[PDB]
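In the block that follows, a single chain appears as structure tokens, in the form deposited in one PDB entry.
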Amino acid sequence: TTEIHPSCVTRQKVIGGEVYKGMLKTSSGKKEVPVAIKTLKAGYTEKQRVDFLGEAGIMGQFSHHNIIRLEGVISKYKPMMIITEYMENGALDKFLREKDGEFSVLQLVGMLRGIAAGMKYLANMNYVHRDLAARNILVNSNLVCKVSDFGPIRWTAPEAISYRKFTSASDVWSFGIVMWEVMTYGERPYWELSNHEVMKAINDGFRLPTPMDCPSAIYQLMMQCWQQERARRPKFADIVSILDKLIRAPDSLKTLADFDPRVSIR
């Protein structure tokens, strides 16, 4: 992890300590790139410092197209900062809710292929995410999706809820929920159900119904991610491979799962 000198970082705008959009001077002054800047305000506890720099240390181990790029940290000066590439379109769930209906099926499936490639990378590096959800995916100006936040019941596999057994296979369950979030343009999984009602339905065998305009193969794949027995779930390698095969033979995506008419209109 590169230690960045504060003279190289400018904060321009507040995004969301705080998160800033800013600029970073790199390569001995020869380049300048847009960045996101996350700060940790004075008064932070030892636990907060450990989680804060721990997320940067984890981010710093990864080098993959679909994982957010860490530029470096400012730890020797206060307030401390983590500095990443700037993702122009923000979080995936909020982005899709702003763009409802505006993308093609092929584009949505492409976003999922990217997320899945990022997760396959993570899982193969022996990292379990445990909080995989569209809110933790960021989107850049080219619609590339990247697993981004590394530091809730309705994304979590049953065995992880009840036994705290978090594995790559419980991340696959979460990825299935992310598939449903993407294909619905950011709907809330299980809608109005409370957490206890979500647990009730899942453990009874209920699963989220098909999104509108959803390829049958995509709904089949998310349903397989939600197998109760974790051993029956696809591996991330299977998911990437299937999505790749669908994108390369895109008429395969024209066969839609039936969208269940929840409402009677005659």
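Residue positions are given as counts along the sequence shown, with the first one as 1. Rigid core here is just the name for the largest C-alpha set that superposes within 1.5 Å across the two forms.
Modelled in this chain, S28 is nonetheless absent from a third or more of the other compared entries whose models extend past it on both sides. In the deposited sequence, the stretch from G16 to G17 hides 4 to 9 residues that have no coordinates. According to the entry, the deposited sequence places 10 or more unmodelled residues between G151 and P152.
When the two stretches 135-143 and 113-121 are set side by side, the higher mean Cα temperature factor goes to 135-143.
As listed in the deposited structure, the average C-alpha B-factor of 75-83 and of 152-160 is greater for 75-83. If you compare the C-alpha temperature factors of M212, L208, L40, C225 in the entry, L40 comes out highest. Out of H64, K30, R233, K200, the entry records its largest CA B-factor for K30. The entry lists a Cα temperature factor for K47 that places it in the highest third of the chain's modelled residues. Looking at the C-alpha B-factors along this chain, the one for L253 belongs to the highest third. Ranked by Cα temperature factor within the chain, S241 sits in the middle third according to the deposited record. In the deposited entry, the Cα temperature factor of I218 places it in the lowest third of its chain's modelled residues.
In this PDB entry, the Cα temperature factor of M59 sits in the middle third of its chain's modelled residues.
Below: the form deposited in another entry, not depicted.
With the core fitted between this form and the one not shown, just one of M80, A123, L193, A133 shows a Cα displacement of at least 2 Å, namely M80. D51 is among the residues whose C-alpha shifts by 2 Å or more between this form and the one not shown once the rigid core is aligned. In this overlay on the rigid core, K235 has a C-alpha that sits less than 2 Å away from its partner position between this form and the one not shown. Core-superposed comparison between this form and the one not shown: the Cα of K245 travels less than 2 Å.
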